[PDB]
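To start, the structure under review is shown below, and the notes come after it.
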Amino acid sequence: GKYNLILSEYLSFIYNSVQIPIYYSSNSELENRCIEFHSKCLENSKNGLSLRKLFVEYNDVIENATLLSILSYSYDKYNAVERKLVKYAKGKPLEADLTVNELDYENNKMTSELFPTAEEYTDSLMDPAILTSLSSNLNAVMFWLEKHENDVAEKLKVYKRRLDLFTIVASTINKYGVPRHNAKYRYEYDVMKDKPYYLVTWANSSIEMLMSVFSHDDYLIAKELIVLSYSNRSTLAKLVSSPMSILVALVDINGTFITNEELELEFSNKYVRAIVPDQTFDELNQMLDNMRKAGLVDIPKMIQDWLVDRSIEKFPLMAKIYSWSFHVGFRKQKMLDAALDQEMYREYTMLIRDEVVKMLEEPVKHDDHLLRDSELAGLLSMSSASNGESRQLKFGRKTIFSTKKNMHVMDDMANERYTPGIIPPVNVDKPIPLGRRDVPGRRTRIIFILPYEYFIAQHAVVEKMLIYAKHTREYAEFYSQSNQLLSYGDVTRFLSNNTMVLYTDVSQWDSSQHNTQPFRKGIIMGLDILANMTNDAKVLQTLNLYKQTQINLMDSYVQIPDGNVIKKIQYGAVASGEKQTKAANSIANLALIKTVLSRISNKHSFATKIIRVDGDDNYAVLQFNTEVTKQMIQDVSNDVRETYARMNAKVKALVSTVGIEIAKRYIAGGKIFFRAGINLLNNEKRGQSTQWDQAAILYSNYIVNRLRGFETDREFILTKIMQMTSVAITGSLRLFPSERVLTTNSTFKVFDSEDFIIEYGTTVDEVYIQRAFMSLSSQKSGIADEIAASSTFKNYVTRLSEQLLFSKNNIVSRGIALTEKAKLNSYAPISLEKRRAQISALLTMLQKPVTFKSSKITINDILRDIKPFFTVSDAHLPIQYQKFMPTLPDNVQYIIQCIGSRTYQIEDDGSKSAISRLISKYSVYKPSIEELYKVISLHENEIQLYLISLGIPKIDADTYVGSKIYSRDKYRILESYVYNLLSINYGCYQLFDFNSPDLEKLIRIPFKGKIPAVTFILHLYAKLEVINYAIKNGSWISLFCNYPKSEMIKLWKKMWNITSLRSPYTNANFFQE
RNA sequence: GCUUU
């Protein structure tokens, strides 16, 4: 309950010249007392009288009611920041070394010197793009410093290391003043031109870095990055993190986890000797020298000290540096520069062509319905992003303009213009509009915003391809329900003194122009073989259209902005923006490794234990008939690099016997690591999310980094949430939401009152508040209704429906109309109306919670019923599993040591149910977990009608509606839906093995009847409760269940009527991946 | 205001 106490200290610190705590209660008499108290406080404040007596008088309200919010009457003028800053601004300002970056605009020159005029100005290269200000970030850091000013021992040292660093930020900012933001949290030319261009973004990165510094090492690291970052805006992250790829090969393996036949982690006590040829050491030294030539001193030395022994025990520092480098900010170049960088492929093309054929051979020969109705499938899938151009769209009687894909498809159909048979050109006559992708450390990459003809022509085929990948192990990212641990396990498995692993970064090759000829040609040749496999008109056309998109792309042209002009240049490289992007890139990366591996063997003989492609990297484990020597590693590596070299591929190819390093993960000393470089105070782009969503996303981000090994102080994160979640009532009246409002599992949830522990209402006030928030979950949008009522819109819904189903529509039909009514939310105006409505409703709700006929069941209600029927009891679980993920905080790690871990994702969509599979066999429709959940619970006759309504044949529909499987699906769908409502796949829980025998013993549940739904929920509720206690207490408890038989029947009815909850916290997990 | 997968 410390967030509420913390918020007051912050408000009191921020404003000094009143605060009005607003409470509420589920009890009537208590609430009146709350109402009376709020009134007296306002009146006393409106008379400069002390509220001390009132607090004593309404002691009962403070003691038992629930704090709902805090009123802030501050008559200042959003200043204080300028005044506050000077005391910390005593150090010497930093001076940008305008000689470090190649592209001139990447140097921290004075804004004016880059944009001499207000019309030449652009924040496109420094925009933090986040709904929180620099001024607020400074206030948050200062507030923290004041609080930990009188600390002692080690806590003081943390304050001292931080105070130093903040001085650099302060001193530098003062020399120019604090950049004032506009209503849209953007920094304009007038504020900007006096000050260094990158001043604001750099301040955000430094503040974020310093507020994450605890040890002396963090402080040394933060200081170097902060000082270097101010001048270097293009190679510091790459220079700092580059040595890591060499390092993983160095550390020896002394016992590691592997993957067994059951596809699960299992400890192996083996030893693998790290074998490194002398050349690798020179390469590492060159990397270290480069860091040194760039000003870096402390960071290179740490790697150097580490290099003497190379102990996995002192490897955490190396990992820490790798995670840290990302927090320097994103490299935001100019579209043109990002764009500009861009005989022996016979084997490579053939593999790409062959792989394409295998993935579709079976679907095509049979005459798969999805291939036949591909166009219908493309339409249902269609997003609401960009089609490319801003079109004038007339809806009903409203002439509005949008660039949205969904909008363009409806308008085009309503005017015979909808023509997917014709796949538009993307050459000189019709230049491809451009999208961008910004990442830390790496160079900016471009993205094709192709017209919807392209998505539709490609959506069905890609889906078939993904399915082939789903059951193919080479495709690490798509295989089964697998998570990163299984991939980690697979590399370790075959490691020994007679095998070496070969990892390779091929991010550069994908964007290579050398790559595009063999790529498109390989896919097309494959498409032709597939076409000569059937005579189906639907299959050939869908198949043919896919062939056409590859052909149009072969010679594409792009629209690159060059100031305020749009130069058109002939782009001859494979960029992304296609539906087949990830799958195709995966097929190509795998083909490339196979091609290199085949070429190398002509020389040396080895065995291919495993080959893998995962995103932008690819790797393989080879086995030799003899023991691996340093000389052998060098020979295999030189030959591999040369083979890559002959193909004209600029790639990083390394060889080792113990580790690997790829963009998503890295294995050092038999242990698994994940870069923790998600930036907090700077974003990649500007979306359409709100401050509240942004606050939830930041918290989510804080949690992922903390699990990954980088921890930003929670008090700082809490302070940021208080600023972001606040709402202005006027210019001197600001409202701050309480801890209960923020964390309770509702539609307005932003974070968990306790990290890694999700709570659910177990008190009446919490229930009362939870019900009230839902009451105002979905808000109306006039603009949305208009278009929802327009012809062009209704016809589109109708047209899609008449093409999909045969018999009758409504469970399916109501859904199609909504799905479409939603894709209108991408359209700002509609989104803006919704936010304004939410704010007014929220302001009133915080002021005095309303009523609600409830009558709506949720997950929290089901849990609340079960709680009272369990008897706790101290228990003991010994730690039995060695740590394989070193960075995990201690409380999370302990749960893994005691109950173990998992290498899969729990089915939470219902796809593995027979009914969902049956629908897939005959329909192109895809029901959600929620729809399946309502449908499965329908009367036997209704289910038969729904299946038929979707084109499912009668013998099949009839056979299922009775069978053993239908009864089984019922349990399976609910089980899938419930897991979905409990975030069992997100955050910290995704790690834990919920079917641990050790966990299982702690649950003592006596069967008093036998009714699946109830048995599954009671065990799950118990597992979560036991685990949460372990997460918060470090010890365990055993749970006993004495749930009545009469009670179970009541509960079972309750279970089939659970409503899902939508909230920023929920969106944030979805947002992560 | 722009912002594919």
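In the structure tokens, the first chain shown is A, the next is B, and so on; residue numbers restart at 1 for each chain, and ligands run from 1 in the order shown.
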
- Task: Write out as a PyMOL selection string the residues lying within 12 Å of region 708-710 of chain A, counting only C-alpha atoms (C1' of nucleotides) and excluding same-chain residues fewer than 6 positions away.
- Result: chain A and resi 208-215+218+316-327+664-666+672-680+701-702+885-890+892-893+987-988

- Query: Near chain A, which residues of chain B fall within 9 Å when you count only C-alpha atoms (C1' of nucleotides), and what do they look like as an NGL selection string?
  - Reply: :B and (3-5)

Could you write out that same residue set with N, CA and C atoms (P, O5', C5', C4', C3', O3' and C1' of nucleotides) as a PDB file, in the first residue's frame?
```pdb
ATOM      1  P     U B   3      -0.191   6.874 -42.895  1.00  0.00           P
ATOM      2  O5'   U B   3       0.997   5.846 -42.649  1.00  0.00           O
ATOM      3  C5'   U B   3       0.977   4.943 -41.550  1.00  0.00           C
ATOM      4  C4'   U B   3       2.379   4.478 -41.249  1.00  0.00           C
ATOM      5  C3'   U B   3       2.486   3.389 -40.201  1.00  0.00           C
ATOM      6  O3'   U B   3       2.621   2.020 -40.510  1.00  0.00           O
ATOM      7  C1'   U B   3       3.408   5.383 -39.314  1.00  0.00           C
ATOM      8  P     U B   4       1.413   1.030 -40.160  1.00  0.00           P
ATOM      9  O5'   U B   4       1.086   0.341 -41.551  1.00  0.00           O
ATOM     10  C5'   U B   4       0.987  -1.068 -41.654  1.00  0.00           C
ATOM     11  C4'   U B   4       1.318  -1.501 -43.055  1.00  0.00           C
ATOM     12  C3'   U B   4       1.166  -2.983 -43.321  1.00  0.00           C
ATOM     13  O3'   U B   4      -0.090  -3.661 -43.404  1.00  0.00           O
ATOM     14  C1'   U B   4       3.489  -2.437 -43.264  1.00  0.00           C
ATOM     15  P     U B   5      -0.358  -4.939 -42.457  1.00  0.00           P
ATOM     16  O5'   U B   5       0.893  -5.885 -42.777  1.00  0.00           O
ATOM     17  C5'   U B   5       1.221  -7.035 -41.985  1.00  0.00           C
ATOM     18  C4'   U B   5       2.681  -7.415 -42.202  1.00  0.00           C
ATOM     19  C3'   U B   5       3.163  -8.706 -41.551  1.00  0.00           C
ATOM     20  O3'   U B   5       4.284  -9.135 -42.325  1.00  0.00           O
ATOM     21  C1'   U B   5       4.174  -6.802 -40.487  1.00  0.00           C
TER      22        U B   5
END
```

- Message: Residues of region 562-708 of chain A classed as helix (DSSP H, G or I) by DSSP on the backbone are to be reported as JSON, numbers by chain.
- Response: {"A": [581, 582, 583, 584, 585, 586, 587, 588, 589, 590, 591, 592, 593, 594, 595, 596, 597, 598, 599, 600, 601, 630, 631, 632, 633, 634, 635, 636, 637, 638, 639, 640, 641, 642, 643, 644, 645, 646, 691, 692, 693, 694, 695, 696, 697, 698, 699, 700, 701, 702, 703, 704, 705, 706, 707, 708]}

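Computed from the coordinates, the CA of residue 695 (chain A) to CA of residue 1072 (chain A) distance equals 13.8 Å.
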
- Message: as a PyMOL selection string, please: every residue in region 542-676 of chain A that DSSP puts in strand (DSSP E or B).
- Response: chain A and resi 556-561+566-571+576+606-614+617-624+652-656+660-661+666-668+671-673

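A straight line drawn from CA of residue 740 (chain A) to CA of residue 861 (chain A) is 17.1 Å long.
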
- Pick out the closest residue to residue 920 (chain A) from this set: A:494, A:377, A:781, A:978. Count only C-alpha atoms. A:377

- Using only C-alpha atoms (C1' of nucleotides), which residues sit within 8 Å of residue 869 (chain A) once same-chain residues fewer than 5 positions away are excluded, as a PyMOL selection string? chain A and resi 1041-1043

- Message: I want to know what sits within 12 Å of residue 33 (chain A), based on only C-alpha atoms (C1' of nucleotides), with residues of the same chain fewer than 6 positions away left out; could you give that as a PyMOL selection string?
- Response: chain A and resi 22-25+27+39-40+54-55+57-62+64-65

- Item | residue 874 (chain A) surroundings by only C-alpha atoms (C1' of nucleotides), 9 Å radius, close-in-sequence under 6 positions cut, as a ChimeraX atom specification | /A:1035-1039

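Taking only C-alpha atoms into account, residue 661 (chain A) lies nearest to A:619 out of the set A:619, A:105, A:13, A:143.
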
- Long-range neighbours of region 294-297 of chain A as an MDAnalysis selection string, 12 Å cut-off, only C-alpha atoms (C1' of nucleotides), 5 positions minimum in chain: chainID A and resid 97 99:101 220:229 231:240 287:289 302:304

Export C-alpha atoms of the chosen residues as a PDB file, in the first residue's frame?
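As written to disk, selection04.pdb reads:
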```pdb
ATOM      1  CA  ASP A  97      32.347  16.731 -29.897  1.00  0.00           C
ATOM      2  CA  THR A  99      33.550  15.259 -34.973  1.00  0.00           C
ATOM      3  CA  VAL A 100      32.415  11.787 -33.876  1.00  0.00           C
ATOM      4  CA  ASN A 101      29.483  10.999 -36.207  1.00  0.00           C
ATOM      5  CA  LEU A 220      30.880   3.356 -13.982  1.00  0.00           C
ATOM      6  CA  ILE A 221      28.831   2.107 -16.922  1.00  0.00           C
ATOM      7  CA  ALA A 222      26.236   4.797 -16.716  1.00  0.00           C
ATOM      8  CA  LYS A 223      28.843   7.559 -16.654  1.00  0.00           C
ATOM      9  CA  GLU A 224      30.679   6.425 -19.713  1.00  0.00           C
ATOM     10  CA  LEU A 225      27.503   5.893 -21.727  1.00  0.00           C
ATOM     11  CA  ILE A 226      26.022   9.189 -20.639  1.00  0.00           C
ATOM     12  CA  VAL A 227      29.121  11.233 -21.585  1.00  0.00           C
ATOM     13  CA  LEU A 228      29.848   9.381 -24.851  1.00  0.00           C
ATOM     14  CA  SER A 229      26.154   9.396 -25.918  1.00  0.00           C
ATOM     15  CA  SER A 231      28.401  13.344 -28.740  1.00  0.00           C
ATOM     16  CA  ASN A 232      28.239   9.841 -30.321  1.00  0.00           C
ATOM     17  CA  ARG A 233      24.750   9.110 -31.666  1.00  0.00           C
ATOM     18  CA  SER A 234      25.555   6.284 -34.060  1.00  0.00           C
ATOM     19  CA  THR A 235      28.112   3.703 -32.939  1.00  0.00           C
ATOM     20  CA  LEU A 236      28.311   3.674 -29.189  1.00  0.00           C
ATOM     21  CA  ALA A 237      25.716   0.866 -28.832  1.00  0.00           C
ATOM     22  CA  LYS A 238      27.240  -1.213 -31.609  1.00  0.00           C
ATOM     23  CA  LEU A 239      30.779  -0.647 -30.268  1.00  0.00           C
ATOM     24  CA  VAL A 240      29.816  -1.509 -26.690  1.00  0.00           C
ATOM     25  CA  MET A 287      36.829  -4.671 -31.113  1.00  0.00           C
ATOM     26  CA  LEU A 288      38.249  -3.550 -27.760  1.00  0.00           C
ATOM     27  CA  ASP A 289      40.697  -1.124 -29.451  1.00  0.00           C
ATOM     28  CA  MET A 302      36.042  -4.318 -17.482  1.00  0.00           C
ATOM     29  CA  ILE A 303      35.975  -6.667 -20.458  1.00  0.00           C
ATOM     30  CA  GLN A 304      39.779  -6.896 -20.266  1.00  0.00           C
TER      31      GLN A 304
END
```

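With CA of residue 1053 (chain A) on one side and CA of residue 982 (chain A) on the other, the separation reads 19.2 Å.
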
Non-local contacts of residue 789 (chain A) (12 Å; only C-alpha atoms (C1' of nucleotides); under 3 positions in same chain excluded) as a PDB file with N, CA, C and O atoms, in the first residue's frame:
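Now in part-v9.pdb:
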```
ATOM      1  N   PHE A 395     -18.612   8.638 -46.579  1.00  0.00           N
ATOM      2  CA  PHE A 395     -19.367   7.637 -45.833  1.00  0.00           C
ATOM      3  C   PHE A 395     -20.742   8.186 -45.508  1.00  0.00           C
ATOM      4  O   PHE A 395     -20.872   9.239 -44.874  1.00  0.00           O
ATOM      5  N   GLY A 396     -21.763   7.461 -45.959  1.00  0.00           N
ATOM      6  CA  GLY A 396     -23.129   7.885 -45.735  1.00  0.00           C
ATOM      7  C   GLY A 396     -23.313   9.267 -46.323  1.00  0.00           C
ATOM      8  O   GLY A 396     -23.663   9.423 -47.493  1.00  0.00           O
ATOM      9  N   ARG A 397     -23.048  10.279 -45.507  1.00  0.00           N
ATOM     10  CA  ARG A 397     -23.195  11.657 -45.932  1.00  0.00           C
ATOM     11  C   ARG A 397     -22.026  12.483 -45.383  1.00  0.00           C
ATOM     12  O   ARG A 397     -22.120  13.704 -45.245  1.00  0.00           O
ATOM     13  N   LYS A 398     -20.921  11.805 -45.072  1.00  0.00           N
ATOM     14  CA  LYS A 398     -19.726  12.477 -44.548  1.00  0.00           C
ATOM     15  C   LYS A 398     -18.475  12.306 -45.409  1.00  0.00           C
ATOM     16  O   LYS A 398     -18.025  11.185 -45.669  1.00  0.00           O
ATOM     17  N   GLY A 782     -19.765   9.058 -31.939  1.00  0.00           N
ATOM     18  CA  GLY A 782     -20.668   9.465 -33.004  1.00  0.00           C
ATOM     19  C   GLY A 782     -20.090   9.207 -34.384  1.00  0.00           C
ATOM     20  O   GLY A 782     -20.716   8.552 -35.228  1.00  0.00           O
ATOM     21  N   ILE A 783     -18.890   9.726 -34.618  1.00  0.00           N
ATOM     22  CA  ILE A 783     -18.232   9.531 -35.893  1.00  0.00           C
ATOM     23  C   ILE A 783     -18.258   8.047 -36.264  1.00  0.00           C
ATOM     24  O   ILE A 783     -18.420   7.685 -37.432  1.00  0.00           O
ATOM     25  N   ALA A 784     -18.097   7.197 -35.252  1.00  0.00           N
ATOM     26  CA  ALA A 784     -18.081   5.750 -35.438  1.00  0.00           C
ATOM     27  C   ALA A 784     -19.443   5.177 -35.815  1.00  0.00           C
ATOM     28  O   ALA A 784     -19.533   4.241 -36.609  1.00  0.00           O
ATOM     29  N   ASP A 785     -20.499   5.738 -35.233  1.00  0.00           N
ATOM     30  CA  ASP A 785     -21.861   5.278 -35.499  1.00  0.00           C
ATOM     31  C   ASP A 785     -22.244   5.641 -36.919  1.00  0.00           C
ATOM     32  O   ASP A 785     -22.788   4.817 -37.658  1.00  0.00           O
ATOM     33  N   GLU A 786     -21.959   6.890 -37.280  1.00  0.00           N
ATOM     34  CA  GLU A 786     -22.254   7.397 -38.611  1.00  0.00           C
ATOM     35  C   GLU A 786     -21.775   6.374 -39.632  1.00  0.00           C
ATOM     36  O   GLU A 786     -22.564   5.829 -40.408  1.00  0.00           O
ATOM     37  N   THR A 792     -21.991   1.945 -47.664  1.00  0.00           N
ATOM     38  CA  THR A 792     -20.696   1.387 -48.008  1.00  0.00           C
ATOM     39  C   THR A 792     -20.156   0.452 -46.940  1.00  0.00           C
ATOM     40  O   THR A 792     -19.439  -0.495 -47.261  1.00  0.00           O
ATOM     41  N   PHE A 793     -20.512   0.715 -45.683  1.00  0.00           N
ATOM     42  CA  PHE A 793     -20.064  -0.106 -44.559  1.00  0.00           C
ATOM     43  C   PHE A 793     -20.874  -1.383 -44.345  1.00  0.00           C
ATOM     44  O   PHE A 793     -20.313  -2.486 -44.228  1.00  0.00           O
ATOM     45  N   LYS A 794     -22.198  -1.222 -44.329  1.00  0.00           N
ATOM     46  CA  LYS A 794     -23.137  -2.314 -44.101  1.00  0.00           C
ATOM     47  C   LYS A 794     -23.040  -3.338 -45.211  1.00  0.00           C
ATOM     48  O   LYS A 794     -23.102  -4.541 -44.971  1.00  0.00           O
ATOM     49  N   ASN A 795     -22.880  -2.851 -46.434  1.00  0.00           N
ATOM     50  CA  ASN A 795     -22.771  -3.722 -47.598  1.00  0.00           C
ATOM     51  C   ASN A 795     -21.517  -4.561 -47.447  1.00  0.00           C
ATOM     52  O   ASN A 795     -21.523  -5.749 -47.786  1.00  0.00           O
ATOM     53  N   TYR A 796     -20.445  -3.941 -46.945  1.00  0.00           N
ATOM     54  CA  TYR A 796     -19.173  -4.644 -46.780  1.00  0.00           C
ATOM     55  C   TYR A 796     -19.340  -5.766 -45.777  1.00  0.00           C
ATOM     56  O   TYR A 796     -18.886  -6.886 -46.019  1.00  0.00           O
ATOM     57  N   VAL A 797     -20.049  -5.492 -44.690  1.00  0.00           N
ATOM     58  CA  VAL A 797     -20.262  -6.530 -43.689  1.00  0.00           C
ATOM     59  C   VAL A 797     -21.127  -7.636 -44.294  1.00  0.00           C
ATOM     60  O   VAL A 797     -20.843  -8.824 -44.151  1.00  0.00           O
ATOM     61  N   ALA A 817     -19.685  -7.781 -37.760  1.00  0.00           N
ATOM     62  CA  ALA A 817     -20.030  -6.370 -37.746  1.00  0.00           C
ATOM     63  C   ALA A 817     -19.152  -5.607 -36.756  1.00  0.00           C
ATOM     64  O   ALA A 817     -18.650  -4.525 -37.061  1.00  0.00           O
ATOM     65  N   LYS A 821     -16.343  -2.738 -36.807  1.00  0.00           N
ATOM     66  CA  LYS A 821     -16.632  -1.483 -36.114  1.00  0.00           C
ATOM     67  C   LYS A 821     -15.435  -1.078 -35.273  1.00  0.00           C
ATOM     68  O   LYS A 821     -15.305   0.085 -34.879  1.00  0.00           O
TER      69      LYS A 821
END
```
